[PDB]
């Protein structure tokens, strides 16, 4: 079944049997199912399960789902959870939590596809095969220079419409939409509304690409604002 559907069925159970049924979920989509559950039950689960299981779930969550989870935790549980993260996930999680709580960066993930201006389209397709299964989305490719700075945002389909011998520099327009880490979540919503893109890149004040935010999470932000 679809992870969102599995999560809905679990959410209908009383909490006590909900934990047993969740632990029956196969491990490949256990983290994805977990990401759809209520924050109070997510906290109960993190407090209750064994350390190895905590690490499996937390290390497999997306960085932005993990940040959203940690925002609702007491500080002590945040530290416990971070102590269960592997080195790379731990560094990512602490970087994201370092941003101001109102910043758009709190919603971002660093798992995006990076391409280079000197690459052929064929080389881009090879990179896409390399990282495609681990990234948040394959549908946007971020052209970055040697200084980590964002220079273009190329749609996946545009790459497919070009010939494989073409260089990325021949299909770039050097125009793109990006949101800075200074921008609040509320203000970032209007970028998404205006530009009608399913992901937007998040850059530092000097133009360095640090993550992407996706439209599904923006919809949650809109509903949170409108209830609050």
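Numbering follows the first chain given and starts at 1.
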(request) Look up the CA B-factors in the entry and say which stretch, 122-130 or 108-116, has the higher mean. (result) 122-130
(message) When the Cα temperature factors in the entry are averaged, is it 197-205 or 165-173 that ends up higher?
(response) 165-173
(request) Pick out which of 185, 66, 47, 36 has the highest C-alpha B-factor in the PDB entry. (result) 47
(message) Sorting 75, 152, 89, 102 by Cα temperature factor from the record, which one lands on top?
(response) 75
(request) Looking at the entry's B-factor column for C-alpha atoms only, identify whether residue 81 ranks in the lowest, middle or highest third of its chain. (result) middle
(message) Please say which third, lowest, middle or highest, residue 29 falls into when its CA temperature factor is compared across its chain.
(response) highest
(message) Considering every modelled residue of the chain and its Cα B-factor in the PDB entry, is residue 158 in the lowest, middle or highest third?
(response) middle
(request) Could you tell me which third, lowest, middle or highest, the C-alpha B-factor of residue 59 occupies within its chain? (result) middle
(message) Test of reading the entry: by CA B factor among the chain's modelled residues, which third contains residue 17?
(response) highest
